[PDB]
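Trainee: Let me give you the structure first, and then I'll get to my questions.
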Amino acid sequence: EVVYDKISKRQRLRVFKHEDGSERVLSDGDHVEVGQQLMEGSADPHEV
């Protein structure tokens, strides 16, 4: 299991939706695909 260790609450949480779980902000327990962005902001393109 992958660990994203620390994110300051200055960062908002991502507002996507998929798999018709929620349709709103990243919900605890929600299902996440491979390329899904977890946070509002700009993603490192090396990572993608």
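Note on naming: chains are A, B, ... as they come in the structure tokens, residues start from 1 per chain, ligands start from 1 in the order shown.
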Using only C-alpha atoms, which residues of region 18-47 of chain A come within 12 Å of region 3-10 of chain A, and what is the closest atom pair for each, with the distance in Å to one decimal? Give it as a tab-separated table, sorted by chain and residue number.
Mentor:
```
residue	atom	partner	partner_atom	distance
A:38	CA	A:4	CA	10.0
A:39	CA	A:7	CA	9.2
A:40	CA	A:10	CA	10.2
A:41	CA	A:10	CA	10.6
```
Trainee: Can those selected residues be exported to a file as a PDB file, in the first residue's frame so that it contains N, CA and C atoms?
Mentor:
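Result saved to part20.pdb:
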```pdb
ATOM      1  N   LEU A  38      -5.234  13.574  -6.510  1.00  0.00           N
ATOM      2  CA  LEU A  38      -5.786  13.495  -5.163  1.00  0.00           C
ATOM      3  C   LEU A  38      -5.969  14.856  -4.505  1.00  0.00           C
ATOM      4  N   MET A  39      -5.433  15.916  -5.095  1.00  0.00           N
ATOM      5  CA  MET A  39      -5.391  17.216  -4.451  1.00  0.00           C
ATOM      6  C   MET A  39      -5.628  18.301  -5.491  1.00  0.00           C
ATOM      7  N   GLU A  40      -6.225  19.406  -5.055  1.00  0.00           N
ATOM      8  CA  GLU A  40      -6.324  20.566  -5.928  1.00  0.00           C
ATOM      9  C   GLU A  40      -4.954  21.225  -6.014  1.00  0.00           C
ATOM     10  N   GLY A  41      -4.540  21.556  -7.225  1.00  0.00           N
ATOM     11  CA  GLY A  41      -3.224  22.113  -7.459  1.00  0.00           C
ATOM     12  C   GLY A  41      -2.729  21.702  -8.831  1.00  0.00           C
TER      13      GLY A  41
END
```
Trainee: Just the number, please: distance in Å from CA of residue 45 (chain A) to CA of residue 23 (chain A), one decimal.
Mentor: 25.2 Å
Trainee: How far is it from CA of residue 34 (chain A) to CA of residue 12 (chain A), in Å with one decimal?
Mentor: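 Between these atoms lies a distance of 20.3 Å.
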Trainee: Any idea what's packed within 10 Å of residue 48 (chain A), counting only C-alpha atoms, ignoring anything in its chain fewer than 3 positions away? Could you give it as a PyMOL selection string?
Mentor: chain A and resi 34-37+43-45
Trainee: Export, as a CSV table (one decimal), in the first residue's frame, the selected residues with N, CA and C atoms.
Mentor:
```
chain,number,residue,atom,x,y,z
A,34,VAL,N,-5.9,4.8,-11.5
A,34,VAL,CA,-4.5,5.0,-11.6
A,34,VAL,C,-4.1,6.4,-11.6
A,35,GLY,N,-4.5,7.1,-12.7
A,35,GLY,CA,-4.0,8.5,-12.8
A,35,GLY,C,-4.8,9.6,-12.1
A,36,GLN,N,-5.6,9.2,-11.1
A,36,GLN,CA,-6.5,10.2,-10.5
A,36,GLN,C,-5.6,11.2,-9.6
A,37,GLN,N,-5.9,12.5,-9.8
A,37,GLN,CA,-5.3,13.5,-8.9
A,37,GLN,C,-6.0,13.6,-7.6
A,43,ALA,N,-0.1,19.1,-10.9
A,43,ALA,CA,0.6,17.9,-10.7
A,43,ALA,C,2.0,17.9,-11.4
A,44,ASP,N,2.9,17.2,-10.7
A,44,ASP,CA,4.3,17.0,-11.3
A,44,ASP,C,4.2,16.2,-12.5
A,45,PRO,N,4.5,16.7,-13.7
A,45,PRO,CA,4.4,15.9,-14.9
A,45,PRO,C,5.4,14.8,-15.0
```
Trainee: A:1, A:13, A:46, A:18: which is nearest residue 31 (chain A), counting only C-alpha atoms?
Mentor: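 Among the listed residues, the smallest separation from residue 31 (chain A) belongs to A:18.
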Trainee: Determine, counting only C-alpha atoms, which protein, DNA and RNA residues have an atom within 8 Å of an atom of residue 26 (chain A); residues of the same chain fewer than 3 positions away are not included. Present the result as a VMD selection string.
Mentor: chain A and resid 13 to 17 30 38
